Every structure is written in structure tokens, then in C-alpha cells.
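Throughout, a chain's letter reflects where its sequence line sits, starting with A, and its residues are numbered from 1. Values below: every heavy atom of this structure, side chains too, minus hydrogens, waters and symmetry copies. Every number for a ligand or one of its atoms is a count from 1 in the order of the listing.
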Amino acid sequence: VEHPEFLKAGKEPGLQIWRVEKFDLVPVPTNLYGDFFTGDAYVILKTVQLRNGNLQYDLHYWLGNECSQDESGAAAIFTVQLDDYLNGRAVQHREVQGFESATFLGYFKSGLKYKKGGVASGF
Amino acid sequence: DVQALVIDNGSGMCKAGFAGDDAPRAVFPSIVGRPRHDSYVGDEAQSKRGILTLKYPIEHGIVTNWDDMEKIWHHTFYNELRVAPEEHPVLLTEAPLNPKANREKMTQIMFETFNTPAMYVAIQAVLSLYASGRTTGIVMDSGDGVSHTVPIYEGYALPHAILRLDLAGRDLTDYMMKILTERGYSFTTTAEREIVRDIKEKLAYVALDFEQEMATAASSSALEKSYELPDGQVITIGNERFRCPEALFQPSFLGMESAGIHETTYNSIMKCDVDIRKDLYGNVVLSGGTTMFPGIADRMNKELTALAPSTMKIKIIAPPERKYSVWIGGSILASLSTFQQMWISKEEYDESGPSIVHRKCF
Ligand SMILES: Nc1ncnc2c1ncn2[C@@H]1O[C@H](COP(=O)(O)OP(=O)(O)OP(=O)(O)O)[C@@H](O)[C@H]1O
Ligand SMILES: [Ca+2]
């Protein structure tokens, strides 16, 4: 299911972050990477370059403490879709606010920050 | 822009609605009624049972009568949802391991009979997992006639590890009827069975320790509750409150040789790659009407904790809205901006026929 943002996903080594906004996957402005609204859900793709030339992928869907069911449900589904689009090469990780993995937390050089708020539910 | 519909075909209750809504607009009995001596569907058929013979076209989540199923779908579109089906993409749910032939038939009916512009079939348990915000976990889906244990990894169910307990809500309602007799109470007619159902849904609970709970009910009247029948009479329920749902864990109560739901879950987990079992134990999602008993999550936690190594972190997820988890999950999926790609279109159906369902819907 090729979505415009999927066409951009995992092209080069690096980090990509999208926020779930009303049943759609919206990119987060690169200057806001690391600043997570606790009322939202996000999808993070971490592309790492492999010797052979191909890339390694890790898909993390981050769930804010107050995100609505539609947002967390969509983040999970978009994560399955992105993985499928990337030929099933991504390892998927569920990241809950306050309980993120060392790996995920490590993607943010100056440490990630939480901020109250977010976009309204899509229901 | 197009509005998709979502229909979850339960064996006892059908849930229908519009993608984007947080709850189904219509919930009604999956019954088709015909003159005992045209037809009716849902609540009306149930009401007119005095003059109609009722039929349930869905058994254990599997459709057994396609003419009746069509009647139910026709009714759902025109009467319950008040839509013209040829104007809406339709997402339908199916039981895990739905026979290949049935998937094609459901597909054929939607396109040929109802002329849906697009359609999609999703496994019930997978929709529930999605609704819980997870791509990996094991779902324990218990509704009317069966309880399924469905291990899912990274968005996809593991067919080889899917198991089932042929015991669910209707069996527990049946059991309550029976054990209530030993107390003296007699419930045998339909309206009476509805009372027993209400008693099960309002006063039953799963005890954390059954033997200790029975001892408590026997040596005290502390666990007793009073129920008021619609005919003024006030009856008294004792250990039947927990003995009823205890059947899920002890199927022998219903003379079944099968293992309780905690063991079925464990067994399904043990059939999966050892590398992913940790993720299943840590994400046991309960869904379905029969998982609504108070205390069931604590009991599932205790039983699973007892079967798995003490190192294993057991987590039971039992959302308050779990009766509609499957439907909510479908509403979300159908609402995604990427859903328009996933569905089977008329064009595709016309070109490939019913079998296209095996290539477009896992
Ligand atoms: N609070 C409750 N406590 C216990 N059981 C309940 C409660 N609410 C509903 N139920 C039971 O759940 C069952 C119906 O569940 P559900 O709607 O999930 O099934 P279904 O869709 O018709 O079945 P299936 O998924 O097997 O096809 C009935 O036996 C009903 O009595
Ligand atoms: Ca939000």
C-alpha cells in the first residue's frame, strides 16, 4: 500500500519520524524531532547502513499516555504497512511513554522530551 | 470522499457501523426469522418468535447458511445502517481459519449480490490486537460459541499456532440455567433464558481461587447477591456467580475433555518460535463478550504465570471496551488513508473472481 510518505521511507541511513494525524501518517518537521506530544502517537523509522550497501530497519511506534485509540491503533497498523512496504526487513518495536527501550531513547542525542497536548482524535 | 462500512459478523450478535466512528451504530442478534406455520432479521425476529421459526446462520464464527446470511446482510445495509451498499466499500470480519470456500462466497455475494464498489475481509482477532495498539501479541477472543487463541507477530496471525476451545458465552448461559435449577429456580423458555443471560452478565465473576471461593460461599452468605426478576420475584444467587464462568477454566464442568482457556493460550504460545514467545506472554489481549466477567484478567494472569517460567513477564490486556474491540479495530483500519489500496475493487473482482480474496486479504 504505497503512500507518498512510504515512497520517502528508508531511502538513506538516518531517522524518520511521522505523527499519526486523523488516520493519516504525517511527517514531523525535522526541527521537532524528539519533542513528543503525549496526547499523540508516532511512527519512527531508524535506517542504518549495512556493509553490503543495503539498509537495516527498525520501526518503532511511540504511544503517548493520552493518545486516543484511533491514534495508537493507526500507529500499529502503519507500522505493519511500512514493514510490508520495506519487504518485511524491519524489526517492529512498541514504545510506550515512560517505558521506551534503551535503543529508541538512544536515537535522540540530547534526549527526547515530552509535551502535553497533540492533534484531536480522528473518531 | 467515500465512506466505508464495517460489519463484524458475530455468531450471536452482529455489529455494524461506519468506519471513523468509535462504536458500531447497530448491534443486533444474528437471527433470521421465517413464518413458523417473507422474513425478519435481528430484534424484530426475536420479538416475533411466537409466530416465527428462528435460524442462526453463523456457527462458531463460520457461516453455515448463505441464503440466511444474505438476508442478514441485506437487512444490515437497508434497515440497520440505512445505506445503499453499492455506494460503500465494505470491511467484513471473519473467524480465524475461515474455510477458503467461505471467504470466496462472502466475496462473491458482496460483489454480485450487493454490488459493493470495494470490499475487504479481516480476521477478527487481528482487528482486536490492532485496536489495542499492538502488532504482536496473542489474542483470546471469546464470544458466543467458541473461544479462539490467536498468536500474532508483527501484524500477522500464525495459523499453525491458532487453537480453540469449543465453549463460549452461549454455553455459560446454558450452564447458569442448569445450576440455577439445583437451587430450585426454573428457567427454560426464551424470555427465561434471557433472564439467566442477564444474571450471568450482571452478577457473575471469575474467582481468583475457585476452591477457596467455594469454601467461602459454603461457610458464609457473604458472596450472595439478590436478583429481581421482571415479575417482581427477587431470587438469590450464591456460588453460581463464579461457578458459571469457572467453566472457561474447567471445561469438565460441562463434561468437556478440553483444556481451559489459560491452557489453550499457553499451548498456542508454545506452538510459536521460542524467539517470539516472550512478546506473546507480555501481550495477552482479551476480546469478546465472554471475556467481560469481572476478575477474568487477574485469573488469566495467575494461571498463565503458573504455566510459564517465573522469569517470564505476564501481561493481560483487558480493555473496558473489549466487547467491541474487533469492530473498533475494523473501524480504524478502514479509516486509514492507506486502506483504499488494500481493498478488493469491483474491477479486480470482475477480472479475477472470488479467488482474488486469497491474494488481497490474509
Ligand atoms: N458483561 C458480560 N459478562 C459476561 N458475558 C457477557 C457480558 N456481556 C456480554 N456477554 C456475553 O458475550 C456473548 C456474546 O459475545 P460477542 O458479542 O463477543 O459474540 P459473537 O460476536 O456473537 O460471537 P463470536 O465472536 O463467537 O462469533 C454472549 O454469551 C453474552 O451473554
Ligand atoms: Ca492526539
Side-chain angles (χ1 to χ4, degrees), chain A residues 19-23 26 36-42 62-75 97 115-123, chain B residues 7-16 24 27-31 42 56-64 72 93-96 98 123-125 127-128 139-148 150 164-177 193-206 241-242 244-245 247-248 286-296 318 320-328:
Chain A
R19 177 174 62 164
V20 165
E21 293 172 21
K22 256 113 185 210
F23 299 115
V26 187
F36 294 93
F37 272 122
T38 63
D40 285 345
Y42 298 73
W62 185 90
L63 314 179
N65 181 61
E66 304 93 29
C67 71
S68 42
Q69 186 162 28
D70 58 297
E71 285 169 339
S72 54
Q97 168 180 151
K115 56 186 177 178
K116 275 289 188 286
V119 49
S121 176
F123 278 142
Chain B
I7 302 166
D8 175 25
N9 321 274
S11 297
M13 297 280 298
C14 166
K15 292 92 176 171
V27 183
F28 52 93
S30 196
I31 297 167
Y56 285 81
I58 296 166
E59 181 60 338
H60 298 169
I62 310 293
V63 172
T64 49
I72 291 179
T93 78
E94 57 170 359
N98 186 24
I123 300 178
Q124 290 153 17
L127 292 183
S128 289
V139 181
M140 206 291 287
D141 212 10
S142 197
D144 188 70
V146 276
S147 296
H148 301 287
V150 186
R164 71 125 168 234
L165 206 221
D166 277 275
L167 183 183
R170 85 179 166 206
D171 303 277
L172 299 191
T173 295
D174 283 344
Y175 193 48
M176 189 63 99
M177 275 183 33
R193 195 186 139 84
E194 280 169 1
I195 283 178
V196 175
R197 210 218 298 123
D198 187 61
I199 289 171
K200 175 188 64 161
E201 306 182 350
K202 308 278 187 69
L203 278 26
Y205 68 88
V206 166
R241 299 176 62 201
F242 57 90
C244 164
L248 285 157
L286 312 181
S287 65
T290 293
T291 66
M292 294 295 309
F293 292 97
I296 192 164
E321 82 283 349
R322 87 197 87 127
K323 202 152 76 175
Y324 298 137
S325 281
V326 171
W327 190 89
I328 295 163

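Distances from the Ca ion (ligand 2) show that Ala120(A) has no N/O/S atom below 3.0 Å. Not one N/O/S atom of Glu66(A), from backbone or side chain, sits under 3.0 Å from the Ca ion (ligand 2). Backbone or side-chain N, O or S atoms of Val119(A) reach the Ca ion (ligand 2) at under 3.0 Å.
Remark: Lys202(B) NZ is loosely packed, at most 12 non-hydrogen atoms of other residues, nucleotides or ligands lying under 6.0 Å away.
Between the OD1 atom of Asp40(A) and the OE2 atom of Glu71(A), the angle taken at the Ca ion (ligand 2) works out to 90° after rounding to 10°.
For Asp70(A) and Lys22(A), the salt-bridge test fails: no basic side-chain N is under 4.0 Å from an acidic carboxylate O.
Of the options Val150(B), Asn98(B), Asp8(B), a side chain to side chain contact (heavy atoms under 4.5 Å, CB included) to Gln124(B) is made by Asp8(B) and by none of the others.
Distance alone, capped at 3.5 Å, places no donor-acceptor pair between the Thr93(B) side chain and the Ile123(B) backbone. Distance alone, capped at 3.5 Å, places no donor-acceptor pair between the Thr38(A) side chain and the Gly64(A) backbone.
Taking the six-membered ring where the residue is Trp, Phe36(A) and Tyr42(A) present perpendicular rings, their angle passing 60° and hence far from 30°.
Side-chain atoms of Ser287(B) and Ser128(B) form a donor-acceptor pair, as typed in the model, at a separation below 3.5 Å.
Between the CG atom in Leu286(B) and the CZ atom in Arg322(B) there is a gap of 6.5 Å [rounded to 0.5 Å].
Taking a heavy-atom cut-off of under 4.0 Å, ligand 1 is surrounded by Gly10(B), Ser11(B), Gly12(B), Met13(B), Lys15(B), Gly143(B), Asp144(B), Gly145(B), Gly169(B), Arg170(B), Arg197(B), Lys200(B), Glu201(B), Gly288(B), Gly289(B), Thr290(B), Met292(B), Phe293(B), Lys323(B).
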